[PDB]
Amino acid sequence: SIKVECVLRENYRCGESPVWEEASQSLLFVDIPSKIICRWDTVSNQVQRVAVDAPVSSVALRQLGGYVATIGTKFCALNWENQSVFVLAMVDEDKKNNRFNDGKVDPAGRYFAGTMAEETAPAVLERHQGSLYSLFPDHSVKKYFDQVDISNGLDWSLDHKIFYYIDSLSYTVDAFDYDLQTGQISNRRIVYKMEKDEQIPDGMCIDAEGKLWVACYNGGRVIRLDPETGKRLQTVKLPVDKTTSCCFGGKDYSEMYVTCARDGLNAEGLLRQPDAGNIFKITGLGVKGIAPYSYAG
């Protein structure tokens, strides 16, 4: 029943931030070092790209039209019709060598995204240089906490009272109390401790049953976690090791899309993993996900 299929063979260097746009039946994502925001029309099977001038680490839908994205250390807005990209807000202005990493829109339309020191190789970087931010609908930015190694996967409970969060080099999935009307968070705690063979926790999405799916970078898998118990429910393996993120999409959010990377693989690794950097689809998981929220500014 569970089927893993490589569905887009474009060999991205580090595919990240998959988000399903049901209005266009398209998958949006980024290829970070390639400095492109990608939109894959799954019907026509055509990919369109917007080139940007710095590494781009996440993309989200913008409610009023178009898209938003994290490029370098700037929150940016994109009009797809004119390919125009402009800055909404900047962060980490006191940092020499930082960039945004993962980001996602909360259930009130705020664009959460966190930063990291820039890497020279995978997970080789200055420690604790990142912070978590959110871009509010009025374009102001809230700073939540600092000392982040690599800001990564994040999502919100279905009752909108819990915020789930991954700093990759903590090797844990954490939770906070979260207030929907204000976007405030409180009382960080560990919810899941990654096993050795699960490697580095990367991207994460919630499903319609309130369980969490986490992409395991270097672990060649996604895992399903119960945040209520702190236990793993399921593991699904993929034929690429550097699985970076996941989201639900397609008909009624019943299909999972998984991004991955070829950056960091040596000659032998590339040969063992011919689909490194491609987009995968997983069907038959037996759960559906939920629609992404759109940025409200």
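The first residue of the sequence shown is number 1, and the count goes up from there.
Q: Which is higher in the entry, the mean Cα B factor of 15-23 or that of 283-291?
A: So the stretch with the higher mean C-alpha B-factor is 283-291.
Q: Looking at the deposited entry, does 247-255 or 51-59 carry the larger mean Cα B-factor?
A: For C-alpha atoms only, the mean B-factor is higher in 247-255.
Q: Quick one: which of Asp102, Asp138, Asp197, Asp106 has the biggest Cα B-factor according to the entry?
A: Answer, based on the entry's C-alpha B-factors: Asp138.
Q: Among the choices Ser168, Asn187, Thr115, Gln184, identify the one whose CA B-factor in the record is greatest.
A: Going by the entry's C-alpha B-factors, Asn187 comes out highest.
Q: Considering every modelled residue of the chain and its Cα B-factor in the PDB entry, is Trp80 in the lowest, middle or highest third?
A: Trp80: CA B-factor falls in the highest third of its chain.
Q: Sorting the chain's modelled residues by C-alpha B-factor, tell me whether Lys242 ends up in the lowest, middle or highest third.
A: Within its chain, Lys242 is a lowest-third residue by C-alpha B-factor, going by the deposited values.
Q: For the chain shown, is the CA B-factor of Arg272 in the lowest, middle or highest third of its modelled residues?
A: Answer is highest: the recorded C-alpha B-factor places it there.
Q: How does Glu93 rank on Cα B-factor within its chain, lowest, middle or highest third?
A: Within its chain, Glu93 is a highest-third residue by C-alpha B-factor, going by the deposited values.
Q: Per the entry's values, where does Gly219 land by CA temperature factor relative to the rest of its chain, in the lowest, middle or highest third?
A: For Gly219, whose C-alpha B-factor we compare with every modelled residue in the chain, the answer is the middle third.
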